[PDB]
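Taking it in order: structure first as structure tokens, then the write-up.
Any value given below was found using the heavy atoms of this structure, including those in side chains, with hydrogens, waters and symmetry copies removed. In each ligand, atom 1 is the first atom listed, and ligand 1 is the first ligand listed. Counting from 1, the numbers follow the sequence of the chain as shown.
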Amino acid sequence: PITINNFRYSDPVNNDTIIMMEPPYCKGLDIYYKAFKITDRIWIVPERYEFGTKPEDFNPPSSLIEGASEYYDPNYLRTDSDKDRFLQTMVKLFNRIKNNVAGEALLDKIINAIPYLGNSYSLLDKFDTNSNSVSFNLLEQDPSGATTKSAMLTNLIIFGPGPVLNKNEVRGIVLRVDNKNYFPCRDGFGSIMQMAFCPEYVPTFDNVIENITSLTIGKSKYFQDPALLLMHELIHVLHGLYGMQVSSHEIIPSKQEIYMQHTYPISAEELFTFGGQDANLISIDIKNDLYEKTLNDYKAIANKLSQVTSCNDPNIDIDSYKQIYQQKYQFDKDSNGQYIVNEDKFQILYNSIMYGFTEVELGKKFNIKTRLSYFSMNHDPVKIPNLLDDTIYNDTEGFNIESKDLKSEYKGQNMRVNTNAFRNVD
Ligand SMILES: [Zn+2]
Ligand SMILES: [Zn+2]
């Protein structure tokens, strides 16, 4: 049974659920941030995502274009009080996800999808834990009273937002190989996934709409549930953990029959993640290329796994990990003892990864309102200042609380009804 840990930002490090972590991209730089283990293989670091950015990037542009979509605030998540609040909110969102069997299943899949200890450029006959793609360093406090540096394996690390507060994103660790960028999370191996997330700002939408000509209102607005935005990102995490993150890839098969707000190029990764009819916007030709590509990555991984005879880390049980990967990749064993890909089992696994968890279906399972298609206008996003108040949002129903008669018709998400639940960004 999955357990969601509890803690306050001010609690002291304990070498277990609370630690000082040297994030993957700070490997060897000796820069640590306080981190909290929400659950096995998942860590939360209440800090702004400043990786690969500059101090000035957090400040607004040179008098922005009239596109009130990207919001900024360099002072967000900077104090201990801000971080604790952020931490309590993430714990609540995770409990909300866990309290629904469908969310629980998502978390479970993610937790068990551990990155392979190696990649296309590591020693094929040895499990490798010495890489920021699978491990991060930390400071540990030991009985003798001395502080030492150690390493740890994980699946996901969630940071606060980057420059843009309302722009949740998920990326796998990038490796530098032969002066090129290599993503193990796209090669079947998977890797630590990182998320930049902000639970306070959510987008708005209106399904009941069809060309509001000679109009200005057409009331029917709804704000999104932060838990669904989180699960949305978690789906991206799932794809990466299995090494199936879809790289830039998406043109225009048939973009017109959709009715909501627009039509413009995007990434297949987004369409798969959103699900619903949007997934059908990816041509069968492209779906077949992706499928064949991943099948090939998995066959290469089965051949590698079959070669593993040692590991650099003495704390790793070789056979135990071999069994974990056999289960993860759904490999069979021929009479020769070699690991092989079973076509039917692969297809079932592939389907569960690309189609089994989607924003549209999860919204349905959670009684959370969603938009028709991923294709929508840059509607002004709103802010949810009180997620910690059960009278506004609880971990079993979100905003759609039956005791307040806000369950029916997702009234808890209806901007004209649950007026106090949100605030317009200034
Ligand atoms: Zn509209
Ligand atoms: Zn997405």
Side-chain angles (χ1 to χ4, degrees), residues 49 66-70 93 97 106 110 156 158-159 161-162 164-172 183 185-186 193-199 201-242 244-250 258-276 278-279 281-282 290 353-363 368-382 410 413-416 422 424:
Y49 190 109
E66 229 49 58
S69 54
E70 306 190 308
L93 294 187
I97 291 170
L106 211 212
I110 288 171
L156 168 70
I158 302 174
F159 297 84
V164 184
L165 301 182
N166 62 306
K167 188 176 190 177
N168 303 314
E169 211 178 315
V170 167
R171 315 179 206 68
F183 299 76
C185 72
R186 297 175 183 172
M193 302 305 284
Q194 296 192 299
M195 183 194 308
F197 188 78
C198 180
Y201 297 74
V202 307
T204 58
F205 61 104
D206 40 64
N207 301 64
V208 182
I209 185 173
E210 52 194 76
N211 189 186
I212 53 287
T213 304
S214 70
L215 296 173
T216 310
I217 307 175
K219 192 76 288 180
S220 184
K221 274 188 169 182
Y222 290 100
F223 47 94
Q224 195 46 79
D225 184 320
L228 182 59
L229 299 170
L230 182 52
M231 286 186 282
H232 175 93
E233 296 315 308
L234 287 178
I235 291 175
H236 281 317
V237 171
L238 179 66
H239 295 160
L241 287 174
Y242 274 95
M244 288 167 50
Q245 182 183 78
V246 181
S247 177
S248 57
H249 187 76
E250 196 54 36
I258 184 68
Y259 304 88
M260 222 217 104
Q261 293 297 334
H262 81 291
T263 290
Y264 196 78
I266 194 62
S267 64
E269 173 71 29
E270 291 304 338
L271 272 37
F272 273 121
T273 299
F274 185 72
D278 276 36
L281 292 176
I282 305 170
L290 295 177
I353 304 307
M354 303 316 289
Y355 301 103
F357 297 97
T358 62
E359 191 183 316
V360 163
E361 288 297 300
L362 287 171
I368 290 175
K369 186 73 166 176
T370 70
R371 58 188 194 290
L372 304 173
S373 168
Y374 182 69
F375 289 108
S376 309
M377 191 201 96
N378 43 55
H379 258 288
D380 294 301
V382 299
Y410 326 84
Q413 288 175 267
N414 198 134
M415 282 168 87
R416 194 192 63 171
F422 73 106
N424 300 72

For this session: Test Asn207 against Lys369 for side chain to side chain contact (heavy atoms under 4.5 Å, CB included), laying out the working first.
Result: CA-CA 10 Å; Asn207 301 64; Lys369 186 73 166 176; 3.8 Å; yes
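- Shown here is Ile217, whose CD1 atom has no more than 12 heavy atoms of other residues, nucleotides or ligands within 6.0 Å.
- With sequence neighbours left out, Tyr410 forms a ring pair (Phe, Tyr, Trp, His ring centres under 6.0 Å) with no residue at all.
- Protein atoms of type N/O/S that fall under 2.8 Å from the Zn ion (ligand 1) number 3 in this view.
- Ionic pairing of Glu169 and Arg171 is present here: one or more N-O contacts between side-chain nitrogen and carboxylate oxygen are shorter than 4.0 angstrom.
- Using a 30° and 60° split on the angle between ring planes, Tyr374 and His232 fall in the parallel class, below 30°.
- Considering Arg186, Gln245, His239 as possible partners of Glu269, the one that fulfils the side chain to side chain donor-acceptor pair (under 3.5 Å) test is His239.
- Atom NZ of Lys221 has more than 12 neighbouring heavy atoms from other residues, nucleotides or ligands inside a 6.0 Å radius.
- Around the Zn ion (ligand 2), protein N, O or S atoms at less than 2.8 Å number 4.
- Formation of a donor-acceptor pair under 3.5 Å by the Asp380 side chain with backbone atoms of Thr204 is not found in this model.
- Residues passing the ring pair (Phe, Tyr, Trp, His ring centres under 6.0 Å) test with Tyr259: none are found, sequence neighbours excluded.
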